[PDB]
Amino acid sequence: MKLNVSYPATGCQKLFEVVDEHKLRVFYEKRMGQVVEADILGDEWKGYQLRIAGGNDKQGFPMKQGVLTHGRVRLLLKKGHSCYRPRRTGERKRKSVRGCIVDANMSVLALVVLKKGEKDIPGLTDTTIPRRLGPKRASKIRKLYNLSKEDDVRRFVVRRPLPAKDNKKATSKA
Amino acid sequence: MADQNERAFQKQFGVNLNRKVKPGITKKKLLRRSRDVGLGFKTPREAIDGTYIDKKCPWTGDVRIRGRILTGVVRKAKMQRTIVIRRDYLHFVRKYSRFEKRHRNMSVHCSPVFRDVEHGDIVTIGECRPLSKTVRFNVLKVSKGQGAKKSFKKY
Amino acid sequence: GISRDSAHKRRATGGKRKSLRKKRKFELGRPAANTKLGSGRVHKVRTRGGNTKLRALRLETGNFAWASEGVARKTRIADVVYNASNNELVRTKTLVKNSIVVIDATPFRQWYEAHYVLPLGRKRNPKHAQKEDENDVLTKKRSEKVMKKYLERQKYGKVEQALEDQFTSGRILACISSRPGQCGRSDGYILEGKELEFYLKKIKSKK
Amino acid sequence: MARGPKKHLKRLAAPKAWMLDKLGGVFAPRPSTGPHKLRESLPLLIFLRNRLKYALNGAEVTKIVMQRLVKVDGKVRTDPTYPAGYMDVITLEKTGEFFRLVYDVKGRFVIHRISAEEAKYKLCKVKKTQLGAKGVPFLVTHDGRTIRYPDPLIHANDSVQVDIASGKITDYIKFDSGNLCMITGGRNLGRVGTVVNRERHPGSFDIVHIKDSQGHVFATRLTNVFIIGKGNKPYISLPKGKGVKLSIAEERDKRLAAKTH
RNA sequence: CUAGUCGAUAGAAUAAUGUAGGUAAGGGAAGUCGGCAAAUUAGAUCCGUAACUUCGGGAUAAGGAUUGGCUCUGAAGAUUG
RNA sequence: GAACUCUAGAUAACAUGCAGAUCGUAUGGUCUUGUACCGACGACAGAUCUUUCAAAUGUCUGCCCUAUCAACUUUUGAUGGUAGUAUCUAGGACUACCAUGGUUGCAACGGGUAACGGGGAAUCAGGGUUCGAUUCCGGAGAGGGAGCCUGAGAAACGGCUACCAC
RNA sequence: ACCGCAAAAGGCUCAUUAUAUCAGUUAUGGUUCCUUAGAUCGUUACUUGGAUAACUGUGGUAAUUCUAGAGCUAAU
């Protein structure tokens with residue numbers, strides 16, 4: 001099956017389709033929150049510590065934590081849970097939600113690998129993305145990057161210079 | 001009437017036996033704050049020195065008389081603290097400019113200070129809060145109550 | 001649910017006024033507290049909007065007043081002996097409004113010895129002959145005005161003998177006055193004068 | 001509050017003392033919960049557009065009140081549908097307008113100017129005298145204005161004179177049968193003075209017996225009286241001729257006398 | 001329990017058919033002369049009761065609900081008041 | 001017109017929060033430039049009370065047709081007692097305990113209507129008899145019915161949920 | 001894109017209902033209340049915490065009407 005595995009140390013995410021049913025047994029019969037290993041799946045993902053962040057089964061029902069039965073439960077929901085975005089305020093709405101446990105009917109697996117093992121994967125770890133920008137809240141970055149009350153923030157803010165050049169010297173904002 | 005016969009205890013709420021420590025000695029000759037209606041109607045003397053409890057009494061309960069005020073006649077009095085009175089009026093028709101004898105019947109509540117009201121006595125009536133599903137009035141004064149012929153005389 | 005209106009209840013001569021505007025939201029009432037005497041729990045709920053009425057469930061204690069002075073002291077409710085109407089609330093021991101409950105007799109003893117230097121009630125001597133620390137805080141002689149103020153005080157310790165029997169046993173009755181189902185408390189006062197001597201015929205004679 | 005709260009008011013249900021038209025439009029202004037009541041108020045859209053006639057349409061009002069020209073009783077009151085009830089001072093300094101609200105002989109309202117000193121003070125009735133608000137004493141007026149700590153002889157159902165730019169009381173008058181009065185919202189509304197008698201109903205709603213200067217007797221309930229001075233001694237500048245309520249033939253006398261033909 | 005009897009030829013043996021006491025998944029009178037052997041119903045309390053009646057019925061109509069064990073309060077008396 | 005148990009006054013304790021870390025126009029007095037001390041503000045937030053629009057139950061009088069409906073309502077509330085529960089609050093609203101009642105030939109209860117009331121509409125000398133679904137007002141429903149979130153405010157349906165119909 | 005309030009107004013309807021709805025006069029001393037305002041806040045980090053939409057990116061589903069995982073970032 002497809003495995004949308006994420007690595008938060010690099011912040012990247014990539015989908016991996018493995019059709020072998022021998023390797024999915026360590027994904028099979030598992031619940032959300034379970035931390036697994038990927039050495040059985042492939043030599044490339046050896047030493048890697050992985051935990052299931054979620055998934056969408058056949059057909060497209062998101063595996064939601066907080067049900068703990070490996071059937072399909074259609075039920076009403078409220079604010080806030082997974083898969084909910086109401087139109088009026090405080091209302092109730094029902095959709096068929098898949099619950100919390102990995103069985104054979106899982107189409108895709110929204111996974112997160114936690115510890116990088118021995119080798120380098122092109123989907124996740126060869127790709128390297130930084131943060132888009134900083135916090136820019138001077139109270140949270142006071143605790144983040146040592147910006148306390150003796151560390152004035154009017155000349156510590158990062159900027160985002162990007163060439164748009166339409167039609168100017170495209171520098172950043174503040 | 002009552003020797004406090006109730007499976008609970010009955011007392012007029014809002015008073016307490018405060019015995020020794022007091023601002024002065026406010027005996028007031030009984031620990032019963034009997035109010036008055038003050039709408040020209042004199043208070044009955046038995047209401048001040050009464051032993052009856054009657055939370056729904058207009059003189060001694062959590063009641064203030066409201067609404068309008070009327071008179072009339074009474075028929076039945078079997079039910080407890082409650083009599084059945086009757087009023088009379090007319091109606092004006094279009095076809096004849098003539099009248100009729102129709103009537104309504106409102107059941108009303110009594111304090112026991114108007115003990116022994118009978119058929120067909122004459123009783124004035126005034127309005128108050130709803131008591132239980134029908135009773136929004138209260139008896140004001142045994143004003144006349146005299147049948148000089150058949151009802152109000154001994155034999 | 002069930003509304004609290006007149007949707008039921010055929011009108012004053014027997015016939016059935018049938019429907020007329022089936023249902024309204026505001027006209028309803030919720031399931032009641034049914035608070036057994038327990039270990040002090042509480043729950044929050046919306047009311048008619050803005051107001052936060054608080055109900056009680058599985059309650060333990062409260063503060064309770066005094067008769068001739070209005071002295072409100074907080075203490076643990078022990079148990080119940082009697083409810084006013086429903087014996088099927090007596091037997092299950094459920095906290096309601098003005099039912100006959102026994103509470104403590106403890107904190108009223110120590111609180112009153114400023115005015116009521118003679119301790120109420122008379123505790124047993126040969127095991128409690130030591131004072132921890134009673135006899136010093138009774139009088140102390142003070143060399144000053146407050147003991148002298150307590151000389152013209154303690155002229156009001158002429159209290160009823162029945163509670164004096166009850167204070168020395170240590171289990172006083174009281175009457176919880178407030179509403180458990182509007183504020184979530186058990187607030188009351190001791191019945192002292194006439195309903196105290198009344199309800200023991202309703203209890204001890206029926207025992 | 002139930003499925004409402006009735007946020008509209010159409011044609012023909014507004015009180016017709018507004019001098020409201022009929023054609024074209026199908027709605028009343030419907031003022032918003034201000035310092036006066038529903039049927040007693042007289043808003044800015046009624047006065048300025050249709051009788052002052054300086055704003056042509058309703059969208060013409062949306063500039064002038066948002067450009068902050070009209071201020072009533074010292075406050076600007078930038079909402080166009082402010083209710084603006086009785087005995088309130090329209091403090092429009094351009095071009096020296098200085099209007100108030102006095103009910104007509106015919107019970108309606110009149111375009112009438114006051115002075116700037118008459119704009120400094122105003123007269124106001126009270127409904128109750130209250131004890132319990134800050135700190136111990138209080139006094140409630142008729143127009144949503146509050147008085148804490150007043151002089152202890154002014155009881156309820158009187159009319160006091162205040163400076164609106166301040167929070168004090170400048171003058172008060174008594175509830176006596178030698179006083180100048182104004183009837184507000186009755187059948188006989190809009191006559192000045194000249195009461196001699198009242199009869200206290202024993203529960204309830206005592207009506208008052210008010211005469212005029214020409215011996216014609218009239219009456220209404222107590223909710224309509226506005227005591228406006230002493231014996232032939234007012235405290236305001238008055239409108240046209242003194243609430244006299246003449247006959248239709250006498251009303252037709254002005255139709256023939258003060259006309260050119 | 002109290003009194004008294006084992007007195008009905010016997011130890012053995014699990015064939016039919018018969019002799020009597022039974023239950024049998026479906027449908028339920030098709031079966032047969034025929035609803036006949038046989039099955040449901042059964043006590044008591046609470047309602048709820050149809051047409052025809054000589055106005056005493058039909059009346060247990062039909063049509064129904066309810067029913068342990070264990071732990072309790074509420075009621076119906078007598079003598080000395 | 002008075003226990004208005006009201007916001008007041010006091011005593012006595014009780015729990016649970018609350019008690020603007022908000023903001024820009026436009027900046028200033030203050031220079032010791034110490035960013036110390038200051039301008040109007042708010043479309044700002046909240047508490048206390050008054051006020052306004054309110055709404056939901058009562059109060060009286062006044063409704064269409066039948067004796068081939070003459071007596072009705074308490075099954076499981078009928079009418080009151082009393083305590084209590086809930087409810088934003090009266091209250092048989094509703095539980096329990098108690099009384100044995102409310103109602104009626106002054107057409108009560110029962111059914112029936114091609115009956116939403118009403119402001120109102122049409123015809124002549126009056127008295128009218130008909131109707132008035134329908135712009136105004138008020139009460140109600142969003143297929144059949146029923147629960148309910150959120151909010152001050154629906155039992156809401158151009159919100160949701162069930163079942164049922166199609 | 002989080003928020004602020006509103007979305008219960010109007011407009012459509014006469015199908016249920018009979019001393020009920022209503023008409024009117026009439027209580028709320030027998031209650032509540034969004035908001036305008038009107039008085040209305042001298043009772044030890046000080047001007048703090050953490051966390052999310054948009055935004056990227058991996059997507060999914062048989063589906064236009066729904067919706068996951070990851071990287072982020074604020075407050076009246």
# chains A, B, ... in the order shown; residues from 1 in each chain; ligands from 1
>>> interface_residues(of="chain F", to="chain B", cutoff="8 Å", atoms="only C-alpha atoms (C1' of nucleotides)", output="ChimeraX atom specification")
/F:1-3,58-59,80-83,90-92,97,99,101,106,127
>>> interface_residues(of="chain D", to="chain F", cutoff="8 Å", atoms="only C-alpha atoms (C1' of nucleotides)", output="NGL selection string")
:D and (1-5 or 12-13 or 32-38 or 131-133 or 136 or 140 or 143-144 or 146 or 202-203)
>>> residues_around(residues="region 149-166 of chain C", least_positions_apart="4", cutoff="10 Å", atoms="only C-alpha atoms (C1' of nucleotides)", output="list in words")
residues 19, 20 and 21 of chain B; 68, 105, 112, 113, 114, 115, 116, 117, 118, 119, 120, 121, 122, 139, 141, 144, 145, 170, 171, 172, 173, 191, 192, 193, 196 and 197 of chain C
>>> residues_around(residues="residue 177 (chain D)", least_positions_apart="6", cutoff="7 Å", atoms="only C-alpha atoms (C1' of nucleotides)", output="PDB file with N, CA, C and O atoms, in the first residue's frame")
ATOM      1  N   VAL D 195     -53.632  73.076  35.699  1.00  0.00           N
ATOM      2  CA  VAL D 195     -54.274  72.146  36.638  1.00  0.00           C
ATOM      3  C   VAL D 195     -54.707  72.733  37.985  1.00  0.00           C
ATOM      4  O   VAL D 195     -54.014  73.570  38.577  1.00  0.00           O
ATOM      5  N   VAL D 196     -55.907  72.358  38.430  1.00  0.00           N
ATOM      6  CA  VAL D 196     -56.387  72.716  39.759  1.00  0.00           C
ATOM      7  C   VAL D 196     -56.774  71.514  40.610  1.00  0.00           C
ATOM      8  O   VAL D 196     -56.946  71.677  41.828  1.00  0.00           O
ATOM      9  N   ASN D 197     -56.921  70.316  40.048  1.00  0.00           N
ATOM     10  CA  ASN D 197     -57.467  69.221  40.836  1.00  0.00           C
ATOM     11  C   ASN D 197     -56.861  67.891  40.417  1.00  0.00           C
ATOM     12  O   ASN D 197     -56.541  67.674  39.246  1.00  0.00           O
TER      13      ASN D 197
END
>>> interface_residues(of="chain E", to="chain C", cutoff="12 Å", atoms="only C-alpha atoms (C1' of nucleotides)", output="PDB file with C-alpha atoms (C1' of nucleotides), in the first residue's frame")
ATOM      1  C1'   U E  71     -34.289  -6.151  51.925  1.00  0.00           C
ATOM      2  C1'   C E  72     -38.019  -2.508  53.919  1.00  0.00           C
ATOM      3  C1'   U E  73     -41.276   1.300  55.190  1.00  0.00           C
ATOM      4  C1'   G E  74     -47.406   2.548  54.987  1.00  0.00           C
TER       5        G E  74
END
>>> residues_around(residues="residue 152 (chain B)", least_positions_apart="4", cutoff="10 Å", atoms="only C-alpha atoms (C1' of nucleotides)", output="number ranges by chain")
B: 118-121, 145-148
>>> write_last_selection(atoms="C-alpha atoms", output="short mmCIF file (atom, residue, chain, number, x, y, z; two decimals), in the first residue's frame")
data_model
loop_
_atom_site.label_atom_id
_atom_site.label_comp_id
_atom_site.auth_asym_id
_atom_site.auth_seq_id
_atom_site.Cartn_x
_atom_site.Cartn_y
_atom_site.Cartn_z
CA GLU B 118 -71.80 29.34 53.80
CA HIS B 119 -74.49 29.37 51.15
CA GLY B 120 -75.42 31.82 49.96
CA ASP B 121 -73.17 34.40 51.65
CA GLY B 145 -72.88 37.94 54.14
CA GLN B 146 -76.45 38.48 55.37
CA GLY B 147 -79.38 36.57 54.04
CA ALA B 148 -82.09 37.98 56.29
#
>>> interface_residues(of="chain C", to="chain D", cutoff="12 Å", atoms="only C-alpha atoms", output="list in words")
residues 24, 25, 26, 27, 48 and 49 of chain C
>>> select_by_dssp(residues="region 37-152 of chain B", states="alpha helix (DSSP H)", output="PyMOL selection string")
chain B and resi 45-48
>>> residues_around(residues="residue 47 (chain E)", least_positions_apart="6", cutoff="9 Å", atoms="only C-alpha atoms (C1' of nucleotides)", output="number ranges by chain")
E: 64-65; F: 75
>>> write_last_selection(atoms="C-alpha atoms (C1' of nucleotides)", output="PDB file, in the first residue's frame")
ATOM      1  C1'   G E  64     -54.310  -7.392  27.691  1.00  0.00           C
ATOM      2  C1'   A E  65     -50.758  -6.105  31.209  1.00  0.00           C
TER       3        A E  65
ATOM      4  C1'   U F  75     -56.559   4.768  32.949  1.00  0.00           C
TER       5        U F  75
END
>>> atom_distance(atom1="CA of residue 191 (chain D)", atom2="CA of residue 110 (chain D)")
14.4 Å
>>> closest_atom_pairs(of="chain G", to="chain B", cutoff="10 Å", atoms="only C-alpha atoms (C1' of nucleotides)", output="JSON lines")
{"residue": "G:26", "atom": "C1'", "partner": "B:67", "partner_atom": "CA", "distance": 8.9}
{"residue": "G:27", "atom": "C1'", "partner": "B:67", "partner_atom": "CA", "distance": 6.4}
{"residue": "G:28", "atom": "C1'", "partner": "B:129", "partner_atom": "CA", "distance": 9.5}
{"residue": "G:29", "atom": "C1'", "partner": "B:64", "partner_atom": "CA", "distance": 6.5}
{"residue": "G:30", "atom": "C1'", "partner": "B:129", "partner_atom": "CA", "distance": 5.9}
>>> write_last_selection(atoms="C-alpha atoms (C1' of nucleotides)", output="PDB file, in the first residue's frame")
ATOM      1  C1'   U G  26     -55.254  44.486  31.247  1.00  0.00           C
ATOM      2  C1'   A G  27     -50.532  41.824  35.968  1.00  0.00           C
ATOM      3  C1'   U G  28     -45.367  40.705  36.175  1.00  0.00           C
ATOM      4  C1'   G G  29     -44.682  43.350  44.277  1.00  0.00           C
ATOM      5  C1'   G G  30     -45.292  36.270  40.064  1.00  0.00           C
TER       6        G G  30
END
>>> atom_distance(atom1="CA of residue 43 (chain A)", atom2="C1' of residue 71 (chain G)")
27.4 Å
>>> residues_around(residues="residue 199 (chain D)", least_positions_apart="3", cutoff="10 Å", atoms="only C-alpha atoms (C1' of nucleotides)", output="MDAnalysis selection string")
chainID D and resid 202 205:209
>>> write_last_selection(atoms="N, CA and C atoms", output="PDB file, in the first residue's frame")
ATOM      1  N   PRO D 202     -57.898  54.891  44.649  1.00  0.00           N
ATOM      2  CA  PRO D 202     -57.392  53.867  45.561  1.00  0.00           C
ATOM      3  C   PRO D 202     -57.076  52.578  44.827  1.00  0.00           C
ATOM      4  N   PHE D 205     -54.087  54.107  39.205  1.00  0.00           N
ATOM      5  CA  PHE D 205     -53.976  54.977  38.033  1.00  0.00           C
ATOM      6  C   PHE D 205     -54.865  56.216  38.165  1.00  0.00           C
ATOM      7  N   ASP D 206     -54.458  57.078  39.096  1.00  0.00           N
ATOM      8  CA  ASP D 206     -55.173  58.324  39.334  1.00  0.00           C
ATOM      9  C   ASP D 206     -55.076  59.232  38.112  1.00  0.00           C
ATOM     10  N   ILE D 207     -56.226  59.687  37.644  1.00  0.00           N
ATOM     11  CA  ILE D 207     -56.249  60.703  36.611  1.00  0.00           C
ATOM     12  C   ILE D 207     -56.227  62.075  37.269  1.00  0.00           C
ATOM     13  N   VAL D 208     -55.796  63.070  36.507  1.00  0.00           N
ATOM     14  CA  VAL D 208     -55.647  64.423  37.018  1.00  0.00           C
ATOM     15  C   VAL D 208     -56.607  65.322  36.251  1.00  0.00           C
ATOM     16  N   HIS D 209     -57.183  66.299  36.945  1.00  0.00           N
ATOM     17  CA  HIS D 209     -58.139  67.224  36.350  1.00  0.00           C
ATOM     18  C   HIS D 209     -57.421  68.531  36.049  1.00  0.00           C
TER      19      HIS D 209
END
>>> closest_residue(among="C:20, C:137, C:59, C:176", to="chain F", atoms="only C-alpha atoms (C1' of nucleotides)")
C:20
>>> closest_residue(among="G:17, G:35, G:7, G:12", to="chain A", atoms="only C-alpha atoms (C1' of nucleotides)")
G:7
>>> closest_atom_pairs(of="chain G", to="chain A", cutoff="10 Å", atoms="only C-alpha atoms (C1' of nucleotides)", output="CSV")
residue,atom,partner,partner_atom,distance
G:7,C1',A:88,CA,9.1
G:48,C1',A:139,CA,7.9
G:49,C1',A:140,CA,8.4
G:50,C1',A:140,CA,8.7
G:55,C1',A:132,CA,9.1
G:56,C1',A:132,CA,8.2
G:57,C1',A:13,CA,7.2
G:58,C1',A:13,CA,4.9
G:59,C1',A:4,CA,7.2
G:60,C1',A:60,CA,5.4
G:61,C1',A:60,CA,3.9
G:62,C1',A:59,CA,8.5
G:66,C1',A:83,CA,8.6
G:67,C1',A:83,CA,5.9
G:68,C1',A:62,CA,5.9
G:69,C1',A:110,CA,4.9
G:70,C1',A:6,CA,6.1
G:71,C1',A:11,CA,5.3
G:72,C1',A:132,CA,6.6
G:73,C1',A:135,CA,5.9
G:74,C1',A:137,CA,7.2
>>> write_last_selection(atoms="C-alpha atoms (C1' of nucleotides)", output="PDB file, in the first residue's frame")
ATOM      1  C1'   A G   7     -27.906  34.580  10.103  1.00  0.00           C
ATOM      2  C1'   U G  48       3.438  36.430  30.186  1.00  0.00           C
ATOM      3  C1'   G G  49       2.331  31.489  28.338  1.00  0.00           C
ATOM      4  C1'   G G  50       1.168  27.909  24.119  1.00  0.00           C
ATOM      5  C1'   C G  55       0.549  29.310   3.823  1.00  0.00           C
ATOM      6  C1'   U G  56       3.687  25.302   1.661  1.00  0.00           C
ATOM      7  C1'   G G  57       4.064  20.175   0.889  1.00  0.00           C
ATOM      8  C1'   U G  58       2.617  14.580   0.941  1.00  0.00           C
ATOM      9  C1'   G G  59      -2.131  12.943  -0.104  1.00  0.00           C
ATOM     10  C1'   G G  60      -6.520   9.871  -0.338  1.00  0.00           C
ATOM     11  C1'   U G  61     -11.460   8.454  -1.965  1.00  0.00           C
ATOM     12  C1'   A G  62     -15.734   5.602  -7.165  1.00  0.00           C
ATOM     13  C1'   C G  66     -16.476  16.085   1.974  1.00  0.00           C
ATOM     14  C1'   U G  67     -11.950  15.596   3.756  1.00  0.00           C
ATOM     15  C1'   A G  68      -5.822  13.229   6.454  1.00  0.00           C
ATOM     16  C1'   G G  69      -0.410  13.478   7.469  1.00  0.00           C
ATOM     17  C1'   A G  70       3.720  17.118   7.806  1.00  0.00           C
ATOM     18  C1'   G G  71       6.264  22.112   7.999  1.00  0.00           C
ATOM     19  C1'   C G  72       4.823  26.454   9.676  1.00  0.00           C
ATOM     20  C1'   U G  73       2.640  31.899  12.214  1.00  0.00           C
ATOM     21  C1'   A G  74      -0.579  35.821  15.117  1.00  0.00           C
TER      22        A G  74
END
>>> select_by_dssp(residues="region 3-32 of chain A", states="strand (DSSP E or B)", output="MDAnalysis selection string")
chainID A and resid 3:7 12:17 30:31
